[PDB]
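Quick note: the coordinates plus some simple rules give every number you see, no bench work behind them. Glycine also receives a Cβ, built like all others from the backbone with ideal geometry; neighbour counts cover every protein chain displayed.
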């Protein structure tokens, strides 16, 4: 089918998901239930975020933010309550 088509938020919409799934060590890319993760920060803490921002939906974020997220993404790193996070490769 289809899924997104060039979008600042749509670009990060997957990032957070990927990163999350990466830390989760899953096979498929799962979504990021902010409404939840937000409630409990201890459950999953977001690190390596784009300075001058706050962990929140990719939409809620600002315009330049998303751009700073996709740019700072290289830093963006998820942290699960459980130790030993699945590294990308490096």
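Scanning region 21-52 for residues that are part of a loop (DSSP other than H, G, I, E, B), within 11 Å of the chain's Cα centre (by Cα) and closer than 13 Å to residue 81 by Cβ gives no hits.
Scan region 62-76 and give yes if some residue there is in contact (Cβ under 8 Å) with a residue 40 or more places away in the chain, crowded, with 16+ Cβ neighbours inside 10 Å, outside any helix (DSSP H, G or I) and in contact with a strand residue (DSSP E or B) (Cβ under 8 Å, 6 or more places away or on another chain), otherwise no. Spell out how you get there, then give the answer.
At the first step, the residues of region 62-76 found to be in contact (Cβ under 8 Å) with a residue 40 or more places away in the chain are 63, 66-67, 69-70, 73, 76.
Remaining after also requiring crowded, with 16+ Cβ neighbours inside 10 Å: 66, 69-70, 73, 76.
If we keep only those that are outside any helix (DSSP H, G or I) too, we end up with 73, 76.
Okay, now just the ones that are also in contact with a strand residue (DSSP E or B) (Cβ under 8 Å, 6 or more places away or on another chain), so 76.
The answer is yes, given that some residue of region 62-76 is in contact (Cβ under 8 Å) with a residue 40 or more places away in the chain, crowded, with 16+ Cβ neighbours inside 10 Å, outside any helix (DSSP H, G or I) and in contact with a strand residue (DSSP E or B) (Cβ under 8 Å, 6 or more places away or on another chain).
Within region 1-20, how many residues turn out to be in a helix (DSSP H, G or I) and exposed (fewer than 10 other Cβ atoms within 10 Å of the Cβ)? Steps first, please.
As a first pass, look at region 1-20 and keep what is in a helix (DSSP H, G or I): 8-20.
Filter once more, keeping what is exposed (fewer than 10 other Cβ atoms within 10 Å of the Cβ): none.
So the answer is 0.
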